[PDB]
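Note sheet for the following structure.
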Amino acid sequence: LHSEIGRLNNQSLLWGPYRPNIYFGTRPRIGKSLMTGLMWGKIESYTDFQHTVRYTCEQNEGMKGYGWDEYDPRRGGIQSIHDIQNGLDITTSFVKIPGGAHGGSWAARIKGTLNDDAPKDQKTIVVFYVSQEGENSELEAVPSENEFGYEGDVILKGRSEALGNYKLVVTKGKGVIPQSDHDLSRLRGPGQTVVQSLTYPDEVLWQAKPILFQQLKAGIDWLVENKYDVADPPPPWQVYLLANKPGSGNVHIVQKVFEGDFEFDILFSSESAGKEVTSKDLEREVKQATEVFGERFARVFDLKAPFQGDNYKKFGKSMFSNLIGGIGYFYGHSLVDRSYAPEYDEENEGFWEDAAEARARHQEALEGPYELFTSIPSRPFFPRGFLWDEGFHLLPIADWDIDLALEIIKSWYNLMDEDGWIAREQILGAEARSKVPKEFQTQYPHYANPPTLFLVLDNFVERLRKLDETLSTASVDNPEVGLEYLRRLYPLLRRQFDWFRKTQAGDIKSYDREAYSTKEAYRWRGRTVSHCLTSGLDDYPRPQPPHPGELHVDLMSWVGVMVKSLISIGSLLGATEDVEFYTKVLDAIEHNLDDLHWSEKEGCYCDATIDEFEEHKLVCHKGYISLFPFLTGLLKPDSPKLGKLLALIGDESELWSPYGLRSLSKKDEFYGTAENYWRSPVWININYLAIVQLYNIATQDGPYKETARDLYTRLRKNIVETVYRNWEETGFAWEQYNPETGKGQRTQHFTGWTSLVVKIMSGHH
Ligand SMILES: OC[C@@H]1[C@@H](O)[C@H](O)[C@@H](O)CN1Cc1ccc(CNc2ccc(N3CCOCC3)cc2)cc1
Ligand SMILES: *[C@@H]1O[C@H](CO)[C@@H](O)[C@H](O)[C@H]1NC(C)=O
């Protein structure tokens, strides 16, 4: 019944619009398979289309906004695109129809409406691009009856091992088709839907824009060669209409031109299922999925006061659909340095110059191929899996579909190498590499990242203790199933735990350092003079200079998080020998956190280093780092230290802004310095941890109950309203928020952990 729930899950989630890197496209969860993609662009001139065409997501003044209004990866959803440059408000409805043996069917409607600014007679080129990889697979455009292209629907017939037989139909659609009176129409038609079937080597099929353009260019070249010139040129839109040449191949370009508003449908029908999908099916299934989304939201994301209002409901729906709608399937090679150069051991003073020398050797090679099913921080900027990010992405996702969240966890944990390492950044394939500068591509086996994924596991454990509907919760409703999942994953958790202790170990025994345990001390590998990327807080101030004797209180607290999870799960599995080891370790971290990181002078936790005279010095920078033992739920509710941190959290002269907790205190000397990335701005993921922990303390007998309750109340209010106001004004979730103005800044479309705001509003932790 485990293999059984897993098969149903496979079959449920197989198809989706799993390529978040482009405005609209589909692929299944198979590395080499069938993929689709949308492109559109107005054409006003002979040279304009190349600049107007849209394919991959970006964010600039050209594009007012875009994102999912509703989305469930099991059912589908609706996306809105507001394109200023192209004068177009576009809608992409995508829906899945279960049935057959090949992971169901699906269908999409593309609607375009000219906005009030656009010339009512705008010409907009639309393209649907279809590709197939695999050695023993086939795809054919059925030719049209008419000479120059299609009056009606385009039908592609295809077969593959993974998909069996299928047909994919691009319908004729509603909208005016411009007609050309030029001579050229004697050879190219007056204007009509056209199909070009091509073949390239598989590994380049992803490069839709160049492949399209190569075809467009050959078309213009043809015109020049056949004496169609400036003496009397065809209309631009006719110049960019491809000559119709359907056939078979691994690429199929379907192209339409519309004047004014337009719409058309894609109907993918698995032959494995019953009758083929129809447009009338698309309409029904879309309507029904909306109703299902509606019900589920109100049940799973019941917004509590003061956010019960519809305005906040719309807000929550937008933040949630954009987070979950970013889910993607990625496939390909990673770039990894597998040298394990000794300089990465970072055992010297000046180690950053050593590690740069080993990097300068360029031993990194491609390896894999790998696959990952994951949500993502940002469609336009960061369309790929980030390890500690996903920790936050999955917390609301888990509420919505726990079976979904566990798939994504499973997916992430399957990338782990024999040592226990998962690269913090998953760049899989040439496609995924295209949106990443060479400098950032290479992964390093010594670089960790917060194990925020254990948080989600924690929530599942607590839920496990206490057909699309059924599937979504099968892993808590069937305890046998839950446990079996944990049994299989547990080895990997423990592996990773040990990997932290082998690779991220701090140096006690070699200095003047007394403390309750000889074992417990952690230091992030990977740090440079001004950064510690691996920690998540890229430019939070750390001991200067960086130094092999550093200890990092955030890292130690993360290890804390892991052991608490390991206790819970080991118990559930009865790994008794294990659960005793964990208990001794937890005990030691609790003590060592105090002995090695607590500053009575300053009233908070601190990183450590070793002095010029080789003695242990605390280095205190009051901000997120300083709160870590508390954010990670390690502190006893009656602790004087907890209470001292509540003073810090609440104190407006340090971290308490009207808009949330500042990453760094106004008092610190690094406040608003350098890039000011984690050096003042409000970050929603770290605020979320605080809000959750405050609520913990508030809902328990203890000396800090009523202080916590008040901070909770205000922080929840502050964070939500800041994100909401910004959403209202700008349409976007932002990466961080400005503590002085409340303005969102850095990156847009960050959903992304900002979306955590949905869970914050719904409350009752
Ligand atoms: O959310 C992810 C991550 C969190 O894990 C961290 O905690 C947080 O501190 C930072 N974030 C975000 C993050 C920030 C920087 C990088 C690398 N720089 C980089 C520079 C330019 C591009 N471009 C892509 C398209 O446009 C032109 C070029 C892309 C990347 C990666 C992620
Ligand atoms: C889905 O099923 C196929 C065939 O049974 C299998 O190759 C694949 O591993 C499954 N996908 C995963 C692991 O998500």
(message) Looking at 449, 348, can you tell me which residue is more than 16 Å from ligand 2 (Cβ to nearest atom), among the polar types (S, T, N, Q), within 23 Å of residue 529 (Cα to Cα) and surrounded by 23 or more Cβ atoms within 10 Å (Cβ to Cβ)?
(response) 449
(request) Tell me, yes or no, whether the range 246-263 has at least one residue that is touching a helix residue (DSSP H, G or I) at 6+ places or on another chain (Cβ under 7 Å) and surrounded by fewer than 19 Cβ atoms within 10 Å (Cβ to Cβ). (result) no
(request) Can you confirm whether the range 570-585 contains a residue that is buried (at least 23 other Cβ atoms within 10 Å of the Cβ) and more than 16 Å from ligand 1 (Cβ to nearest atom)? (result) yes
(request) Could you tell me whether residue 118 is among the aliphatic types (A, V, I, L, M) and under 25 Å from residue 206 (Cβ atoms)? (result) no
(request) Kindly indicate which of 355, 405, 432 is in contact with a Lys or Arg (Cβ under 6 Å, 6 or more places away or on another chain), part of a helix (DSSP H, G or I) and either more than 16 Å from ligand 1 (Cβ to nearest atom) or not assigned by TED's automatic domain parsing to the domain that holds residue 23 (or both). (result) 432
(message) Tally up the residues in the range 610-632 that are surrounded by fewer than 17 Cβ atoms within 10 Å (Cβ to Cβ) and farther than 20 Å from residue 662 by Cα, please.
(response) 6
(request) Could you give me the residue pairs with C-beta distances under 6 Å whose first residue belongs to the range 149-165 and is on the phi > 0 side of the Ramachandran plot and within 16 Å of ligand 2 (Cβ to nearest atom), whose second residue is polar (S, T, N, Q) and in a loop (DSSP other than H, G, I, E, B) wherever it lies, and which are 6+ apart or on separate chains? (result) 164/272
(request) Give me a count of the residues in the range 399-446 that are surrounded by 20 or more Cβ atoms within 10 Å (Cβ to Cβ), hydrophobic (A, V, I, L, M, F, W, C) and within 16 Å of ligand 2 (Cβ to nearest atom). (result) 7
(request) Considering each residue of the range 358-379, count those that are touching a strand residue (DSSP E or B) at 6+ places or on another chain (Cβ under 9 Å) and either within 14 Å of ligand 2 (Cβ to nearest atom) or of a type in the set (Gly, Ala, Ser) (or both), and give that number. (result) 10
(message) Would you confirm, using the coordinates I've provided, whether residue 713 is among the β-branched types (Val, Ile, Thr), within 24 Å of residue 314 (Cβ to Cβ), away from ligand 1 (no atom under 16 Å from the Cβ) and surrounded by fewer than 23 Cβ atoms within 10 Å (Cβ to Cβ)?
(response) yes
(request) Could you figure out which of (1) in the same structural domain as residue 135 (by TED's automatic domain parsing); (2) closer than 21 Å to residue 399 by Cβ isn't true of residue 251? (result) (2)
(message) Quick test for you: out of 360, 341, 355, 365, pick the one residue that is crowded, with 20+ Cβ neighbours inside 10 Å, over 20 Å from the mean Cα position of the chain (by Cα) and of a type in the set (A, V, I, L, M, F, W, C).
(response) 355
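Cβ: placed from backbone, ideal geometry, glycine included. Neighbour counts: every protein chain shown. What is reported rests on the model, the rules as stated and the sources as named; nothing here is a laboratory result.
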